[PDB]
């Protein structure tokens, strides 16, 4: 009996990706594989459970799916616990994105463009919440302590953000068996495509911290391939255009960071430059192209609204399924319900590697343990690893990250430490010292005022009591 528990299974698109990958993995598509879907939103949970059951049926997979509103029941004796939950106050909100939208506006009201949580080296929208990410940190630690008692052999597969902060605090403060998951490394394939390189003929590696990873190795036909990037920068960068607001991997910002640091930032790292690329929307469009990227006052509200519409549609689709047993989800909406094709993300390959010894190369957030020698052994970094039934095996990182990149990641590590200290100390003065270092802070009184108004939002009642 293998038990795979999805905490936050109302993330039904992500739930359906995980379910579909399991159902399409021969070693896991068995009667003895039990998938537990747990969520605090009953409508979303029900709808996700109906869609997952019908989906699995159309794939002719015999896995069992169980739904529950009990965190304890989902954790009890689980082999793998995937945390994709995004907490929210149900008295005021329907999903977590809403608390971040509203605090971001408050921040902008007080002169912080894109909110206080948008800082240098961390512009990724929704990554942290009021700096210390209290509700998301709280849930992960609660899961971690429950599983130390109820599931001591389980892996906690952390996907909800902040992955860096949460994986570090869990590891450090509970010793629970937590691993952080992010597929930002998938940006490399955009590089190979733009440079007309067969991905299978490229010898490559990335390393760093979450959303702070760099293409430390890039070789082709027995030689360094970066001169091929240099040629692309000269001849083709002038004509580059993003296909959508998320398309930044080959943007002027990415190449400007590569010029200074010596290696190419990969994936969401490109979103996390200095303020040079982010002072305002016009500056974002200069460095990221027509959309200004995804982390701005136009595109992010547009996207969160798209996700809300999708949640409502999936609830309605679940009702359609109950009314029309004969309909084929894979036929009517083949995008949402793909068939005969794995998603390509790392969660199910990880599970199949640990349990069934299907060895695979992944990029995961684990303790450094001397892999990057100029960083502490206990700091959680995003590293290239091979996973099998004997656990996680860190690759040697070669070539080493450049000196300049090392003194780029150290500040991001220190920001993590200040964020953890702000959480564990319950001390509002720590949040004030974080913002006194913010370039947008003009005065100390500005810091108190913006934090005051944030804490006084009705849905931040628990946060306010935590720091009081």
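Positions refer to the first chain, counted from 1. Note that the rigid core is defined as the largest set of C-alphas that superpose within 1.5 Å between two forms.
Relative to the displayed structure, the C-alphas of 86-94 lie farther away on average in 6 other deposited structures of this protein than those of the other candidate, with 86-94 and 121-129 compared after rigid core superposition. Larger root-mean-square CA separation from the shown form, computed after a rigid core fit of the structures in 6 other deposited structures of this protein, is seen for 8-16 when 8-16 is set against 449-457.
For the pair 262-270 and 344-352, the record assigns the higher mean C-alpha temperature factor to 344-352. For the pair 20-28 and 452-460, the mean B factor over Cα atoms is greater in 20-28. Across the residues 415, 437, 426, 406, the deposited record lists the maximum Cα B factor for 437.
Taking the deposited Cα B-factors for 105, 284, 316, 361, the highest one is held by 316. Annotation for residue 66: C-alpha temperature factor in the middle third relative to the rest of the modelled chain, per the entry. For residue 233, the recorded CA temperature factor ranks within the highest third of the chain's modelled residues. In this PDB entry, the Cα temperature factor of residue 338 sits in the top third of its chain's modelled residues, the highest group. In this PDB entry, residue 39 carries a Cα temperature factor that places it within the middle third of its chain's modelled residues.
Sorting the modelled residues of the chain by their CA temperature factor places residue 58 in the highest third.
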